[PDB]
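The chain below stands alone and is given as structure tokens, in the form deposited in one PDB entry.
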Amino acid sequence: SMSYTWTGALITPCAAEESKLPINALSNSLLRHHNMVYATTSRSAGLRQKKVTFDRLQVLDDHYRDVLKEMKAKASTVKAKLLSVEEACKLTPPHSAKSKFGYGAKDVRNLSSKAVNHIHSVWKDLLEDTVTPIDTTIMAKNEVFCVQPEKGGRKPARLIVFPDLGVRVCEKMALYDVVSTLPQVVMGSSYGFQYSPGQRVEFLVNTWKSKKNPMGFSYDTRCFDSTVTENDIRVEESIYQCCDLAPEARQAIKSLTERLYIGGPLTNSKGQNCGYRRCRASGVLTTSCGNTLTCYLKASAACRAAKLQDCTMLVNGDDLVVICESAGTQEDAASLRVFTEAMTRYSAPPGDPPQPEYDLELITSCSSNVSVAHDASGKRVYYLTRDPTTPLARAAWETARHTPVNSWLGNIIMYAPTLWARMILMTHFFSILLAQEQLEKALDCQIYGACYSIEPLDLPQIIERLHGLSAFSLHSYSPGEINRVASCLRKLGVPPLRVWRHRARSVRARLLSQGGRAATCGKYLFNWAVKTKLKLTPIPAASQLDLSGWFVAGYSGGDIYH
């Protein structure tokens, strides 16, 4: 069937849309080539509509069914609980889109009677009706990128499809425990969202050296959400139903699948029918889990089809990387085409065709790659990094505009050991924070699709817990990494790293002057900026701030707050 059917009604904005980078007094200190940074808007939605719209055909063989049977066997060991309304309400972001039915997210969060009555209303309807399609809103995302003159020009807006706030609370009640716990049980070590950045690097490195002659590839599915068929969504459901569940949860999971997950009508922000979806909704609770299960299923089956030797997979939703035994370059190339042929029969064709890699550092997955530095004692250390272009374009946007999500903060957290996050991101945003005296002000950020409120003053504690103390001491980065950073800087008109070292010594001194947690920030975050360094010991406050639920599961589009 067609992934989408369209009426012709436009996908409409909800708020003001800016496409050119906002400029203020801080902008040039970060980035000079302003016209290279852009945000996508609804203006491009029509183009995105074109590319997400195609017919899907699926051809399912014994390999597919074999792997599914294995997955279901593991699923059957999961016992999951229903969340109460109140529990579900507390998982709602303070800034989540308001209900069409006369209440918003803050009404949900403090359990207003209007919100709770309506939520109980929605739940009862799910239990009683297993057929009526549930309405969804379709919006164009506003995301920030750098122009890619060769690779394209400007990316069209991605589309987000989501049901009403009352429905989203019900999804949590039915499925939050399932989507949090089932992926690791079914996929074990291949489930990517269980890992911190450091744990992901370790899994990648251990898997690489566990092979006699390693080969690896990332597999990029063309518009993965659009490739997800009614079959795939019913198969996901059958996996969920393997769990030990309350009878009400079984019924609700069945309604939500038939009424929402499989497809339904698409409404714009003006209330017009835009058409109909028959593929994955990007803004539902099960988006991450559904995608991960489906990607893992098709790929495991495809490896058996291509006869890949000892294939290990790492799956984060639609993001897939495979490490296996090499059969030499020409055979590996042949094997990947067969893998791709099988994935294609399964309705997951490639965007850019997969290429075999024999150097772990050249494999990019979840927009990231393994690289090497040295800790204080000269020991070689693997850590996770990425091309800094997008993070830096977004930092530029966030320099002049308060955004719902502060990408810079998430990027400091996740990419703390990197050269570019330490020298540019920490330096730039701490300087801003000092000047506004907003070190103490909690900021929203996203990690694995979930929203978190975080105080920049807790960064040292958070970084130690995720990465270790070595994150504050790394040096002697690789020539490939240094080269990529310097080149990105030249491209965007970012001051050279020598300038950042200079600003950092200033930021460091100012923080240390402040005393307290601010001083701890100066000491730990910026120890790299001094010629002779303080000895970095574990900070006492690092324990009590518990990172509960940080790397359990992914929740992209799932409207989750912690």
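In this text, rigid core is short for the largest set of C-alphas that superpose within 1.5 Å between two forms. Residues carry their position along the shown sequence, with the first being 1.
> Residue 150: absent from a third or more of the other PDB entries compared?
yes, residue 150 frequently unmodelled elsewhere, at least a third of entries.
> Comparing 457-465 with 165-173, where is the mean C-alpha B-factor higher?
Of 165-173 and 457-465, the stretch with the higher C-alpha B-factor average is 457-465.
> Please compare 353-361 with 414-422 and name the stretch with the higher mean C-alpha B-factor in the deposited structure.
Comparing 353-361 with 414-422, the higher mean C-alpha B-factor belongs to 353-361.
> Highest Cα B-factor in the PDB entry belongs to which of 71, 447, 262, 334?
Of the options given, 334 has the highest CA B-factor in the PDB entry.
> Highest Cα B-factor in the deposition, which of 137, 77, 110, 294?
Answer, based on the entry's C-alpha B-factors: 110.
> By its CA B factor, does residue 433 count among the lowest, middle or highest third of the modelled residues in the chain?
Middle third by C-alpha B-factor.
> How does residue 183 rank on Cα B-factor within its chain, lowest, middle or highest third?
For residue 183, whose C-alpha B-factor we compare with every modelled residue in the chain, the answer is the lowest third.
> Looking at the C-alpha B-factor of residue 290, is it in the lowest, middle or highest third of its chain?
Residue 290: CA B-factor falls in the lowest third of its chain.
> Give the position of residue 318 by CA B-factor within its chain, expressed as the lowest, middle or highest third.
Lowest third of the chain for residue 318's C-alpha B-factor.
> Place residue 538 in the lowest, middle or highest third of its chain's C-alpha B-factors, as listed in the PDB entry.
For residue 538, the deposited C-alpha B-factor lands in the highest third.
Although it is not shown, the form solved in complex with a small molecule is what the next lines describe.
> Hey, in the entry with it bound, is residue 229 touching the small molecule, heavy atoms inside 4.5 Å?
The answer is no: residue 229 has no heavy atom within 4.5 Å of the small molecule.
> So in the entry with it bound, does residue 424 come within 4.5 Å of the small molecule, heavy atom to heavy atom?
Result yes; residue 424 sits at the interface with the small molecule in the entry with it bound.
> Even though the small molecule is not shown here, does residue 89 get within 4.5 Å of it in the entry with it bound, heavy atoms only?
Answer no; every heavy atom of residue 89 is more than 4.5 Å from the small molecule in the entry with it bound.
> Are any of the heavy atoms in residue 173 no more than 4.5 Å from a heavy atom of the small molecule in the entry with it bound?
No, residue 173 stays farther than 4.5 Å from the small molecule in the entry with it bound.
> Based on heavy atom distances of 4.5 Å or less, which listed stretch (89-97, 435-443, 165-173, 390-398) is in contact with the small molecule in the entry with it bound?
In the other structure, the partner sits against 390-398.
> Just one of 503, 517, 56, 63 has a heavy atom within 4.5 angstroms of the small molecule in the entry with it bound, so which one?
By the 4.5 Å heavy-atom cutoff, the listed residue in contact is 503.
> Have a look at 452, 217, 224, 296 and give me the residue whose C-alpha moves 2 Å or more between this form and the one not shown, with the fit done on the rigid core.
Spelled out, the residue whose C-alpha shifts by 2 Å or more is 452.
> Comparing between this form and the one not shown on the rigid core, is the C-alpha shift at residue 206 2 Å or larger?
No, residue 206 moves less than 2 Å.
> By the 2 angstroms cut-off, has the C-alpha of residue 79 moved between this form and the one not shown once the rigid core is superposed?
Result for residue 79: no, shift under 2 Å.
> Could you check whether the CA atom of residue 498 moves 2 Å or more between this form and the one not shown, using the rigid core for the fit?
Comparing the forms between this form and the one not shown, which are aligned on their rigid core, residue 498 does shift its C-alpha by 2 Å or more.
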